[PDB]
A.B. asks: 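My questions will all concern the structure given below.
A, B, ... follow the sequence lines: proteins, then strands. Residue 1 opens every chain.
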Amino acid sequence: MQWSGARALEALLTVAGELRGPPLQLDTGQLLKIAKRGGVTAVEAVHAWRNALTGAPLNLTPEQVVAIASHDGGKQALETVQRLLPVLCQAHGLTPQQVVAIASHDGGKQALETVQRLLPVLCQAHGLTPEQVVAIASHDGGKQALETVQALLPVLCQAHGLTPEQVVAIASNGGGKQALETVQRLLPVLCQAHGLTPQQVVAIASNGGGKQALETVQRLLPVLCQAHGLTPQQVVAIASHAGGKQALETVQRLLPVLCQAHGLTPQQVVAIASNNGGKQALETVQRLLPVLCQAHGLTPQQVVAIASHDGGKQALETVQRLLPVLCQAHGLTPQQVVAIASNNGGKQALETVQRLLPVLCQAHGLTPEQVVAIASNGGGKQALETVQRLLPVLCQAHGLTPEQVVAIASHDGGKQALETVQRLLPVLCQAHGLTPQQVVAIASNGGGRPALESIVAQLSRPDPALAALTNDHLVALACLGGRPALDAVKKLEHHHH
DNA sequence: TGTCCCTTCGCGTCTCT
DNA sequence: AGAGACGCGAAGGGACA
């Protein structure tokens, strides 16, 4: 390993080799993930207690052991999981998955030990739910956030008017301690001195690095409104993503350069700046906006639409590289390439449309225009890669037409909807009498997976809001508004009927 | 060279309808 | 149905032992 000892790197490669054996049966990716973030002592820990973790009263899966191990301090997390999982599960209600989610962060040990110590008082003195305490705990520095919720949730509720839900939302990010103390320190000035509402201070504080975003809003909002012409509402939208501090500083530096030298509106720079990596997006359009309207290329409108998503930098740089070979050796129009790239993870969708247009048409019989409709949604790579795995079993075994698989894959969260259809098509049809036509219709929207799960939960275990919504009304509800429609129906019955 | 905490970037999914 | 919201992993940086 590192320079200190020697050539018993062999002892470590042997330890890594035995983890490929049983009871964990780890592959290369998994060993690589552990060594890149938990280090050698995490690898050594997994190996030392791979039997204890896999049996005894923990019964962890290898993916579960790999999630706990693959963080700074992983060996402490694995040690502590073995000591605390049972009492957290049995004495406090939490599931194993929830204990693993608390454990799967840097400092995992501290978080688990603190939930043990603080979950009761947080629930009893402050009225939080187990669920909320897990969400506070499940981030790096979760010990600190938990202790800070316990000290400040009273003052933030009383003196500053927030709800617990709100405090929990500021608390449920890495550096949630920092965000929560900054909210206490700056909330009144941000409202009183810059005309913000508590809700906006909250939205700015509710992401990681929220401390930084709030200090930066205090600092640059004046210069950005009073000297660059922006509104308070616009500044807040820039500030309301993690990295907001970077997005605001970059707006200030590039706003006049982009509005004079390249001809964009302020309102368009605001839209590029208002995503995660806004700083990265802005710089990358400031390069690249000359060359992307060259050879003809694209409009400005289309550069802004591609940049206006998380990872905007990545989509532009990828679009700029692959628009030539996509238009020329696969037959796509730029209007199609920009449509692939104008979602979250546009980069990922383009690279998968690269090496799957050929393959999806050949080994599965799809047209190009189908492969484009799949990849023209957020999570393109996931939908395409999962159409490739699951089309065979969905048509042949479960009876579906390919055009039906493609209707389900052609929405954000496609892979979730497909993997749910497969899991839940049998129990929906044969045990509850829904047609495949109806299941496909619920699956064919945003929120296909939750809509299918909620419908099966309502049917399998007749929930409280009962009877009058027959099986066809529930399907009409699941189609119209997904899980939200289904839950609103439940919630409205509970007090009215 | 490990353990803890904090910040930023990017990817994926769901809600709002 | 397009924008705006939710979640969460990877990675990098600083403090301290």
A.B. asks: Got a sec, which residues hit salt bridge (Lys or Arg N to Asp or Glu O under 4.0 Å) with A/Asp487, two or more places apart in sequence or on another chain?
C.D. replies: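 Not a single residue meets the salt bridge (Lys or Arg N to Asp or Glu O under 4.0 Å) criterion with A/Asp487.
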
A.B. asks: Rounded to whole Å, how long is the line connecting atom NE2 of A/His241 with atom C1' of C/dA5?
C.D. replies: 9 Å

A.B. asks: Under the salt bridge (charged side-chain N to carboxylate O under 4.0 Å, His left out) definition, can you give me all pairs with a residue in residues 269-278 of chain A, not counting sequence neighbours?
C.D. replies: none

A.B. asks: Under 4.0 Å from any atom of DNA chain B, heavy atoms only: list the residues of residues 346-353 of chain A that qualify, in numerical order.
C.D. replies: A/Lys347, A/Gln348

A.B. asks: In whole angstroms, how far is the P atom of B/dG10 from the CD1 atom of A/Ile272?
C.D. replies: 14 Å

A.B. asks: For A/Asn207 and C/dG4, give me the distance from atom CG to atom P, rounded to whole Å.
C.D. replies: 15 Å

A.B. asks: Would you kindly give the NZ-to-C1' distance between A/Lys143 and B/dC4, to the nearest whole Å?
C.D. replies: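 Taking NZ of A/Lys143 and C1' of B/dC4, I get 10 Å after rounding.
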
A.B. asks: Starting from P on C/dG4, measure out to CD on A/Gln234 and report it in whole angstrom.
C.D. replies: 12 Å

A.B. asks: Contact list please: residues 449-459 of chain A against DNA chain B, heavy atoms, distance less than 4.0 Å, in numerical order.
C.D. replies: A/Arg449, A/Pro450

A.B. asks: Sugar-phosphate means primed atoms, P, OP1 and OP2; the rest is base. With that split, encode nucleotides 8-15 of chain C 5' to 3' as B, S or - using protein heavy atoms under 4.0 Å.
C.D. replies: -SSBB---

A.B. asks: Applying side-chain contact (heavy atoms from CB on, under 4.5 Å), name anything that partners A/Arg50, two or more places apart in sequence or on another chain.
C.D. replies: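 A/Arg50 satisfies side-chain contact (heavy atoms from CB on, under 4.5 Å) with A/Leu19, A/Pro23, A/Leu24, A/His47 only.
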
A.B. asks: If I take atom NZ in residue A/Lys211 and atom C1' in nucleotide B/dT8, what distance separates them, rounded to the nearest angstrom?
C.D. replies: 15 Å

A.B. asks: Go through the structure and list residues passing salt bridge (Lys or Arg N to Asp or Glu O under 4.0 Å) with A/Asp106, not counting sequence neighbours.
C.D. replies: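 With neighbours one apart ignored, the set is A/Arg37.
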
A.B. asks: Distance-only check: which donor-acceptor pairs under 3.5 Å involve side-chain atoms of residues 206-215 of chain A, not counting sequence neighbours?
C.D. replies:
| from | atom 1 | to | atom 2 | distance (Å) |
| --- | --- | --- | --- | --- |
| A/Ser206 | OG | A/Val202 | O | 2.9 |
| A/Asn207 | ND2 | A/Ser240 | O | 3.1 |
| A/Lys211 | NZ | A/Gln178 | OE1 | 3.4 |
| A/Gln212 | OE1 | A/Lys245 | NZ | 3.4 |
| A/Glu215 | OE2 | A/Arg185 | NH2 | 3.0 |

A.B. asks: Applying side-chain contact (heavy atoms from CB on, under 4.5 Å), can you list everything that pairs with A/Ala451, at least two apart in sequence or on another chain?
C.D. replies: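 By the side-chain contact (heavy atoms from CB on, under 4.5 Å) rule, A/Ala451 matches A/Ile442.
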
A.B. asks: Do me a favour and sort the pucker of C/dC6 into north or south by its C1'-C2'-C3'-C4' torsion.
C.D. replies: north

A.B. asks: What is the distance from CG of A/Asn343 to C1' of B/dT15, rounded to the nearest Å?
C.D. replies: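 The answer, rounded to whole Å, is 16 Å.
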
A.B. asks: Under the side-chain contact (heavy atoms from CB on, under 4.5 Å) rule, collect the residues that match up with A/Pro484, sequence neighbours excluded.
C.D. replies: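 Counting only residues at least two positions away or on another chain, A/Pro484 forms no side-chain contact (heavy atoms from CB on, under 4.5 Å).
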
A.B. asks: Just to verify, what does A/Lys490 make a salt bridge (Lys or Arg N to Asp or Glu O under 4.0 Å) with, not counting sequence neighbours?
C.D. replies: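 Counting only residues at least two positions away or on another chain, A/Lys490 forms a salt bridge (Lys or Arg N to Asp or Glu O under 4.0 Å) with A/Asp463.
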
A.B. asks: Roughly how many Å is it from CD1 in A/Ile238 to P in C/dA5, rounded to a whole number?
C.D. replies: 14 Å

A.B. asks: Tell me every residue that passes side-chain contact (heavy atoms from CB on, under 4.5 Å) with A/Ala52, counting only those two or more places apart in sequence or in another chain.
C.D. replies: A/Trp49, A/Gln82

A.B. asks: Return the minimal non-hydrogen interatomic distance between A/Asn275 and A/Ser308, and the atom names on each side.
C.D. replies: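 Where A/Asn275 meets A/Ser308 most closely, the heavy atoms are ND2-C, 3.3 Å.
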
A.B. asks: Closest heavy-atom contact between A/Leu53 and A/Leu58?
C.D. replies: O-CB, 3.7 Å

